[PDB]
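A.B. asks: Here you go, one structure.
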Amino acid sequence: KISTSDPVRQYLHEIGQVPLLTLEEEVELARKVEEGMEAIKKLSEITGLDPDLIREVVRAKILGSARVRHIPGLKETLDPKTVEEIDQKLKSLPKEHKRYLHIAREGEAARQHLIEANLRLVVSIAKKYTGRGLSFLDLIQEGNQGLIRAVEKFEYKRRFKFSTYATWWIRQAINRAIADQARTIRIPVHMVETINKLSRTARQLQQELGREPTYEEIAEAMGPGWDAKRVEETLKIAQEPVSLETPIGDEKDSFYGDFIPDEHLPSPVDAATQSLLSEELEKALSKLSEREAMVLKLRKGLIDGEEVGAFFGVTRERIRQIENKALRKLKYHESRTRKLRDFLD
Amino acid sequence: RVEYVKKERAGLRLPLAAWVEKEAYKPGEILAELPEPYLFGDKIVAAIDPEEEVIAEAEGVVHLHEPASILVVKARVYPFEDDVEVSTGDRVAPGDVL
């Protein structure tokens with residue numbers, strides 16, 4: 001049944017079940033999130049297993065079995081042997097060392113709740129960056145992409161509350177998500193902004209004159225390096241692509257598409273030209289002394305159309321030499337039997 | 001299971017304030033921490049500290065409630081070794097086969 005009412009209901013419940021204390025429990029899980037990294041960075045100082053490993057095997061022990069490492073990502077890690085053997089090394093750790101793992105686990109665990117809690121905070125912000133080009137659930141989604149991003153960066157030792165710290169990140173997320181996924185054609189953030197101002201000035205312009213500004217007025221208003229050439233160029237890209245499929249003329253069955261011709265293809269009077277050209281050019285190409293003819297047949301003709309790096313090993317002089325004489329001798333036997341005169345092309 | 005504390009008395013609890021009152025984390029006066037009934041393991045003075053903090057200088061601070069979480073679970077204390085199948089649970093205190 002109709003999405004979002006569920007995805008909102010899905011966490012209104014859980015959140016509604018565990019709204020973590022503004023300070024206490026946010027601090028709790030907070031503290032229990034840093035000693036995670038501490039721990040792991042130290043485990044690595046003992047296991048040799050890269051931080052990634054220690055960090056990846058503690059998650060698979062708490063959140064999801066072999067199943068999680070098999071589908072989301074292929075089998076670089078053996079469902080059994082790999083993980084199990086990695087954790088097998090964490091138990092072999094002395095009391096002092098096995099100490100951190102027991103922490104690393106509960107910590108990641110702490111990272112879970114904290115994030116689940118503030119999932120209501122996401123949708124709150126999300127409730128405003130609504131109209132752009134990103135679905136509401138999508139908006140929420142890339143919105144969480146900044147929240148969990150906060151979890152790594154926070155510093156409980158610096159007394160400033162969490163909720164507000166996530167705010168920045170979150171909003172940062174949604175914003176990049178707006179500059180990236182909102183259109184069919186990708187434009188840089190630089191031009192993105194360059195487009196708002198260019199559209200923001202048109203506003204104060206509609207305000208007075210009455211004439212929807214010429215690319216001269218809008219150009220002045222904006223500033224420095226803005227030439228009438230630019231604005232006409234900067235707005236064409238502004239407009240959103242038009243549907244290849246759209247009711248054309250007397251909107252009925254007639255689909256806009258048939259209206260656009262094709263080109264890559266040689267419309268018959270072009271294929272018919274190859275067969276004459278190609279067969280005739282090759283013909284005259286046989287009454288020439290192999291050499292130059294071939295190196296120039298293969299040079300312009302074969303690889304990519306530098307008289308110097310032309311012929312095999314003979315110098316430039318014998319290049320031009322037989323060139324202008326052969327080529328031209330070629331031109332005056334063809335002109336006779338008028339085969340290539342009528343410019344096929 | 002009970003979460004945080006405040007002030008009235010601190011007995012049979014965790015290692016939290018164990019540092020706030022040096023006596024038991026520097027020396028061994030926690031057994032003398034009682035103020036008067038001696039001349040005539042956890043326990044603290046009548047009431048001296050208020051919250052969850054670190055006291056080199058009251059830096060890491062946080063004044064707050066005390067939750068009474070009811071987690072329906074079975075809490076074992078001195079589990080022992082039964083090796084028919086894989087050694088389940090735990091040992092008294094040493095090895096942690098869990």
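A note on labels: chains of the structure tokens are A, B, ... as shown, every chain counts residues from 1, and ligands are counted from 1 in their shown order.
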Can you tell me, as a PyMOL selection string, what residues are no more than 8 Å from segment 103-113 of chain A when counting only C-alpha atoms, ignoring any on the same chain fewer than 2 positions away?

C.D. replies: chain A and resi 29-30+32-37+39-40+58-59+62+99-101+115-117+151

A.B. asks: Can those selected residues be exported to a file as a PDB file, in the first residue's frame so that it contains N, CA, C and O atoms?

C.D. replies:
ATOM      1  N   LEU A  29      25.412   6.329  24.294  1.00  0.00           N
ATOM      2  CA  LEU A  29      25.748   5.745  23.004  1.00  0.00           C
ATOM      3  C   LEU A  29      26.905   6.499  22.358  1.00  0.00           C
ATOM      4  O   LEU A  29      27.671   5.922  21.587  1.00  0.00           O
ATOM      5  N   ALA A  30      27.029   7.786  22.670  1.00  0.00           N
ATOM      6  CA  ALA A  30      28.099   8.607  22.120  1.00  0.00           C
ATOM      7  C   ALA A  30      29.428   8.073  22.601  1.00  0.00           C
ATOM      8  O   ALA A  30      30.303   7.734  21.811  1.00  0.00           O
ATOM      9  N   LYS A  32      30.036   5.283  23.962  1.00  0.00           N
ATOM     10  CA  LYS A  32      30.142   3.909  23.498  1.00  0.00           C
ATOM     11  C   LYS A  32      30.309   3.768  21.991  1.00  0.00           C
ATOM     12  O   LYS A  32      30.105   2.691  21.429  1.00  0.00           O
ATOM     13  N   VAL A  33      30.687   4.865  21.346  1.00  0.00           N
ATOM     14  CA  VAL A  33      30.908   4.875  19.909  1.00  0.00           C
ATOM     15  C   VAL A  33      32.350   5.259  19.594  1.00  0.00           C
ATOM     16  O   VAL A  33      32.908   4.825  18.590  1.00  0.00           O
ATOM     17  N   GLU A  34      32.950   6.074  20.456  1.00  0.00           N
ATOM     18  CA  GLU A  34      34.336   6.492  20.268  1.00  0.00           C
ATOM     19  C   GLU A  34      35.279   5.398  20.748  1.00  0.00           C
ATOM     20  O   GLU A  34      36.270   5.086  20.092  1.00  0.00           O
ATOM     21  N   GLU A  35      34.974   4.822  21.905  1.00  0.00           N
ATOM     22  CA  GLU A  35      35.807   3.752  22.441  1.00  0.00           C
ATOM     23  C   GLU A  35      35.730   2.583  21.467  1.00  0.00           C
ATOM     24  O   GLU A  35      36.386   1.558  21.639  1.00  0.00           O
ATOM     25  N   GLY A  36      34.906   2.738  20.442  1.00  0.00           N
ATOM     26  CA  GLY A  36      34.810   1.699  19.445  1.00  0.00           C
ATOM     27  C   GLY A  36      36.063   1.869  18.617  1.00  0.00           C
ATOM     28  O   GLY A  36      36.937   1.005  18.606  1.00  0.00           O
ATOM     29  N   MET A  37      36.158   3.011  17.942  1.00  0.00           N
ATOM     30  CA  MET A  37      37.311   3.313  17.109  1.00  0.00           C
ATOM     31  C   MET A  37      38.597   3.094  17.890  1.00  0.00           C
ATOM     32  O   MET A  37      39.501   2.400  17.423  1.00  0.00           O
ATOM     33  N   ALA A  39      39.318   1.267  20.444  1.00  0.00           N
ATOM     34  CA  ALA A  39      39.486  -0.165  20.493  1.00  0.00           C
ATOM     35  C   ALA A  39      40.019  -0.710  19.173  1.00  0.00           C
ATOM     36  O   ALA A  39      41.173  -1.115  19.081  1.00  0.00           O
ATOM     37  N   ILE A  40      39.182  -0.698  18.147  1.00  0.00           N
ATOM     38  CA  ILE A  40      39.563  -1.232  16.847  1.00  0.00           C
ATOM     39  C   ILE A  40      40.948  -0.793  16.338  1.00  0.00           C
ATOM     40  O   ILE A  40      41.731  -1.624  15.857  1.00  0.00           O
ATOM     41  N   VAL A  58      33.347  -7.275  13.135  1.00  0.00           N
ATOM     42  CA  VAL A  58      32.613  -6.963  14.350  1.00  0.00           C
ATOM     43  C   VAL A  58      31.168  -6.622  13.965  1.00  0.00           C
ATOM     44  O   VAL A  58      30.243  -6.818  14.747  1.00  0.00           O
ATOM     45  N   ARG A  59      30.973  -6.124  12.750  1.00  0.00           N
ATOM     46  CA  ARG A  59      29.626  -5.804  12.298  1.00  0.00           C
ATOM     47  C   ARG A  59      28.898  -7.103  11.930  1.00  0.00           C
ATOM     48  O   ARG A  59      27.733  -7.306  12.287  1.00  0.00           O
ATOM     49  N   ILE A  62      27.539  -8.922  14.879  1.00  0.00           N
ATOM     50  CA  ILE A  62      26.376  -8.330  15.527  1.00  0.00           C
ATOM     51  C   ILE A  62      25.143  -8.200  14.629  1.00  0.00           C
ATOM     52  O   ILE A  62      24.095  -8.758  14.941  1.00  0.00           O
ATOM     53  N   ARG A  99      39.632  -7.583  25.998  1.00  0.00           N
ATOM     54  CA  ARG A  99      38.873  -6.494  26.606  1.00  0.00           C
ATOM     55  C   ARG A  99      38.283  -5.530  25.556  1.00  0.00           C
ATOM     56  O   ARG A  99      37.088  -5.216  25.580  1.00  0.00           O
ATOM     57  N   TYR A 100      39.102  -5.083  24.617  1.00  0.00           N
ATOM     58  CA  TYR A 100      38.608  -4.156  23.621  1.00  0.00           C
ATOM     59  C   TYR A 100      37.543  -4.712  22.690  1.00  0.00           C
ATOM     60  O   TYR A 100      36.588  -4.009  22.371  1.00  0.00           O
ATOM     61  N   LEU A 101      37.693  -5.961  22.252  1.00  0.00           N
ATOM     62  CA  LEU A 101      36.701  -6.568  21.364  1.00  0.00           C
ATOM     63  C   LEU A 101      35.332  -6.462  22.029  1.00  0.00           C
ATOM     64  O   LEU A 101      34.368  -6.000  21.421  1.00  0.00           O
ATOM     65  N   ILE A 115      21.495   6.126  15.880  1.00  0.00           N
ATOM     66  CA  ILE A 115      21.098   6.433  14.505  1.00  0.00           C
ATOM     67  C   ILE A 115      19.597   6.223  14.283  1.00  0.00           C
ATOM     68  O   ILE A 115      18.919   7.062  13.683  1.00  0.00           O
ATOM     69  N   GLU A 116      19.097   5.086  14.765  1.00  0.00           N
ATOM     70  CA  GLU A 116      17.684   4.717  14.661  1.00  0.00           C
ATOM     71  C   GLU A 116      16.818   5.771  15.346  1.00  0.00           C
ATOM     72  O   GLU A 116      15.727   6.094  14.879  1.00  0.00           O
ATOM     73  N   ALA A 117      17.312   6.282  16.470  1.00  0.00           N
ATOM     74  CA  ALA A 117      16.610   7.296  17.238  1.00  0.00           C
ATOM     75  C   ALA A 117      16.413   8.537  16.389  1.00  0.00           C
ATOM     76  O   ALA A 117      15.293   8.874  16.007  1.00  0.00           O
ATOM     77  N   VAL A 151      27.762  10.232  13.027  1.00  0.00           N
ATOM     78  CA  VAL A 151      28.224   9.267  14.010  1.00  0.00           C
ATOM     79  C   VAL A 151      29.742   9.045  14.046  1.00  0.00           C
ATOM     80  O   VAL A 151      30.301   8.800  15.116  1.00  0.00           O
TER      81      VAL A 151
END

A.B. asks: Find the nearest atom pair between each residue of chain A and chain B for residues within 8 Å, count only C-alpha atoms, give distances in Å to one decimal, sort rows by chain and ascending number, and present the table as CSV.

C.D. replies:
residue,atom,partner,partner_atom,distance
A:23,CA,B:62,CA,7.5
A:24,CA,B:64,CA,6.3
A:91,CA,B:97,CA,7.6
A:95,CA,B:94,CA,7.9
A:157,CA,B:60,CA,6.7
A:159,CA,B:60,CA,7.9

A.B. asks: Taking 5 positions as the minimum chain separation for residues in the same chain, which residues sit within 10 Å of residue 52 of chain A when counting only C-alpha atoms? Answer as a tab-separated table (two decimals) with C-alpha atoms, in the first residue's frame.

C.D. replies:
chain	number	residue	atom	x	y	z
A	40	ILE	CA	39.56	-1.23	16.85
A	41	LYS	CA	42.56	0.99	16.00
A	44	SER	CA	44.70	-3.55	14.51
A	57	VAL	CA	34.10	-8.68	11.30

A.B. asks: Env of residue 17 of chain B: 8 Å cut, atoms = only C-alpha atoms, seq-sep filter 3 positions within chain, self excluded. Answer as a PyMOL selection string.

C.D. replies: chain B and resi 14+20-21+52-53

A.B. asks: Using only C-alpha atoms, determine which residues lie at most 12 Å from residue 89 of chain B, disregarding the query and same-chain residues fewer than 6 positions distant; provide the list as a short mmCIF file (atom, residue, chain, number, x, y, z; two decimals) with N, CA and C atoms, in the first residue's frame.

C.D. replies:
data_model
loop_
_atom_site.label_atom_id
_atom_site.label_comp_id
_atom_site.auth_asym_id
_atom_site.auth_seq_id
_atom_site.Cartn_x
_atom_site.Cartn_y
_atom_site.Cartn_z
N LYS B 74 18.04 -13.87 31.46
CA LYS B 74 18.54 -14.72 32.53
C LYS B 74 20.01 -14.40 32.78
N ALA B 75 20.30 -13.78 33.92
CA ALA B 75 21.66 -13.38 34.30
C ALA B 75 22.41 -14.43 35.11
N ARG B 76 23.42 -15.04 34.49
CA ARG B 76 24.24 -16.06 35.15
C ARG B 76 25.46 -15.38 35.76
N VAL B 77 25.92 -15.87 36.90
CA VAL B 77 27.07 -15.26 37.56
C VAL B 77 28.35 -16.09 37.44
N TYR B 78 28.30 -17.31 38.00
CA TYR B 78 29.44 -18.23 38.00
C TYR B 78 29.25 -19.44 37.09
N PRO B 79 29.04 -19.21 35.78
CA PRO B 79 28.86 -20.36 34.89
C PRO B 79 30.07 -21.30 34.90
N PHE B 80 29.83 -22.58 34.63
CA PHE B 80 30.91 -23.57 34.61
C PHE B 80 31.05 -24.28 33.27
N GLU B 81 32.05 -25.15 33.18
CA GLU B 81 32.33 -25.89 31.96
C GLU B 81 31.65 -27.25 31.79
N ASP B 82 30.87 -27.36 30.71
CA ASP B 82 30.16 -28.58 30.31
C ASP B 82 30.66 -28.82 28.88
N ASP B 83 31.56 -29.78 28.72
CA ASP B 83 32.16 -30.03 27.41
C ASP B 83 31.62 -31.10 26.48
N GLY B 95 38.52 -17.67 31.12
CA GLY B 95 38.10 -17.73 29.73
C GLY B 95 36.69 -17.27 29.42
N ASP B 96 36.54 -16.65 28.26
CA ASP B 96 35.25 -16.18 27.79
C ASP B 96 35.04 -16.85 26.44
N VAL B 97 34.40 -18.02 26.48
CA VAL B 97 34.13 -18.81 25.28
C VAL B 97 32.79 -18.42 24.65
N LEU B 98 32.42 -17.15 24.81
CA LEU B 98 31.16 -16.65 24.27
C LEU B 98 31.39 -15.44 23.39
#

A.B. asks: For residue 312 of chain A, please output as a list in words all residues within 10 Å (counting only C-alpha atoms; exclusion window: fewer than 3 positions along the same chain).

C.D. replies: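 Here the qualifying residues turn out to be residues 291, 292, 295, 308, 309, 315 and 319 of chain A.
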
A.B. asks: Would you mind exporting the chosen residues as a CSV table (one decimal), in the first residue's frame, restricted to N, CA and C atoms?

C.D. replies:
chain,number,residue,atom,x,y,z
A,291,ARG,N,54.0,1.8,-54.0
A,291,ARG,CA,54.5,2.6,-52.9
A,291,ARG,C,53.6,3.8,-52.4
A,292,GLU,N,54.0,5.0,-52.7
A,292,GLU,CA,53.3,6.2,-52.3
A,292,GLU,C,51.8,6.1,-52.2
A,295,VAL,N,51.0,4.0,-49.1
A,295,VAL,CA,51.3,4.8,-47.9
A,295,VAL,C,50.3,5.9,-47.6
A,308,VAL,N,56.2,14.2,-43.8
A,308,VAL,CA,57.5,13.6,-43.3
A,308,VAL,C,57.3,12.2,-42.8
A,309,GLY,N,56.5,12.0,-41.7
A,309,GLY,CA,56.3,10.7,-41.2
A,309,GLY,C,55.4,9.9,-42.1
A,315,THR,N,63.0,9.5,-47.9
A,315,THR,CA,62.9,10.9,-47.5
A,315,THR,C,61.7,11.6,-48.1
A,319,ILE,N,58.9,11.6,-51.6
A,319,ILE,CA,57.6,11.5,-51.1
A,319,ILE,C,56.8,12.4,-52.1

A.B. asks: Grab the atom CA of residue 194 of chain A to atom CA of residue 167 of chain A distance for me, in Å with one decimal place.

C.D. replies: 25.9 Å
